[PDB]
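Notes for the one structure printed next.
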Amino acid sequence: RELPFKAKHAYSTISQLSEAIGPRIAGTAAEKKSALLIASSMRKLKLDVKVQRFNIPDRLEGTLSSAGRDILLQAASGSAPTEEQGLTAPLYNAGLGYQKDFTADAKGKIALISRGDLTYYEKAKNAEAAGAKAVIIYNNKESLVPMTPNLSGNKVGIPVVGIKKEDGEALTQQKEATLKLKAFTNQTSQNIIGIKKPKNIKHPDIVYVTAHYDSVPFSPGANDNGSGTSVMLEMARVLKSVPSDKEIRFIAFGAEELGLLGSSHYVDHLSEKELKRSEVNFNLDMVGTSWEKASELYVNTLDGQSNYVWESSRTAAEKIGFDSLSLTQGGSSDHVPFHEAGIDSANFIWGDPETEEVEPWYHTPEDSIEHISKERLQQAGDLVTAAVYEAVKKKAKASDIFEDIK
Ligand SMILES: [Cl-]
Ligand SMILES: [Zn+2]
Ligand SMILES: [Zn+2]
C-alpha cells in the first residue's frame, strides 16, 4: 500500500511552531498558542479532538546583581521565590556543594556552587541543610544561555538559580549578591488528543502516536521537539485514509520539558479498561536534526529490551530497506509513563552512530529550523509510519524521567 509521507508538510509545521510562534515554554502563552495550532491541524485531518488541561508547578523568574554587575539567570522549577524587595546576603563559596564543603560560615549566606559531580538537587539540599538563604549554581561549561538547575521533581525551601560560567567566576570574588525571584502561580499546560476510531469494533486495542510540543527557555525548539510533533501530525494525515480495527490516538504532549508532566498526567487518567486495551506507544522526539554526524535512528526503551514497538520497527525496516536502526536503552521522553503503566513503548530519536549522542544545538537558541534536515524527517517519517502501519493494518528513576539534572 501507498504511504505518501511528505516531509515538506512536516517542515512547514516546524516553521509554524519554531519561527511563527518561537520558543514554547510549558505553561506560557506560546505553548497555549501552539496547542490551538495543533488542535486545528488535527481536526482538519478529521480526528476526534479533545484538549486535556492539567496543572503544573509555579513558574519562577527574576534578577541577580552583585557590585555593579547584572547577571542573567534561570530559576529552578519547584523552588522558592524571594520577597519583592529581594534577598541580599553574603556570598559563601561552597565549591561543588558536598555537605563537607559547607563550613558553619555558610549559615545565613547565599551558597554559590559550581556545576558538576553532584546532582543540582543534592547541591541545593546540602546548601539548605547548612543554613543557606539561597543557592546560585553556575555552569562549568561555555554557553549562550544560563544553565537550568533542574531539581528533578523535588521541592526546595530556598531560592535556587542557575547562571553562565563566567558570571559565576566573577561571583566567587564578590562579598554579597541581591536576588529577586517571583513565583507565577496557577500555571497550566495541556495535551492535544486526536482519535481515529473504528466505527464498528467494540473495545478496540489502542495505539498511541505521541510527541511533545513544548521546549526549553530560549530554544525555538525546532528539533526538540517541533520535529516530532510535526512528523506525528503528518503521519496522522497519511493514516487518515487507512482502514483499521485499532483505535489510534495521536497526541501532542505538553510540558514534557518539566519532567514528562503531560504524558504522566495523561497515562494516569487512563481508566483500567483503557489500560488493558492499550497495545503500543510510538513516541517521536528529535527526529529531524541536520547534524551530519547523527545518522543512526535509535529506538529507546526504558529497559533496553525489545517489545512490540521494536518488533514492528525492525520489520518495517526490512520492508523499506533501512540499515541504520538500533534498539537501545533510554528514558527521558513521553514513552516513559506508558512503560511504567505496562504498555509497550519506545522513543524514536536520531543519534551519532559512534557515541549515540545528540547534536550540540539541543536545548540552545541554535535549535532552529536552520538545522532541520528535510531528508532526515523523511527517513524517520517513512520508518515510523511503516512501523505504525504494521501495527494498525488489517517505576523509573529521576535520570530516566528528567533532562539536564546535573
Ligand atoms: Cl519535496
Ligand atoms: Zn524532547
Ligand atoms: Zn528536551
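For ligands, and for the atoms within them, numbers begin at 1 and follow the listed sequence. The figures here come from the full heavy-atom set of this structure, side chains too, leaving out hydrogens, waters and symmetry mates. Residues: numbered from 1 along the sequence shown.
- Backbone or side-chain N, O or S atoms of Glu257 reach the Zn ion (ligand 3) at under 2.8 Å.
- Put simply, the side chain of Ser332 never gets that close to the backbone of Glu403: no donor and acceptor are under 3.5 Å apart.
- Geometry about the Zn ion (ligand 2) gives an angle of 100° between OD1 of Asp285 and NE2 of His212, rounded in steps of 10 degrees.
- For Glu354, the CD atom counts as loosely surrounded, since its 6.0 Å shell holds 12 or fewer non-hydrogen atoms of other residues, nucleotides or ligands.
- No other N/O/S atom of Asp224 lies as close to the Zn ion (ligand 2) as OD1 does.
- Here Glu403 does not reach the Zn ion (ligand 2): none of its N/O/S atoms is less than 2.8 Å from the metal.
- Under the 3.5 Å distance criterion, the side-chain polar atoms of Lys125 are left unmatched by any main-chain donor or acceptor of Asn154.
- Side-chain contact annotation: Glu257 with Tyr213, donor-acceptor N/O pair under 3.5 Å absent.
- At least one N/O/S atom of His363, from backbone or side chain, sits under 2.8 Å from the Zn ion (ligand 3).
- The environment of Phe322 atom CZ is dense: over 12 non-hydrogen atoms of other residues, nucleotides or ligands sit within 6.0 angstrom.
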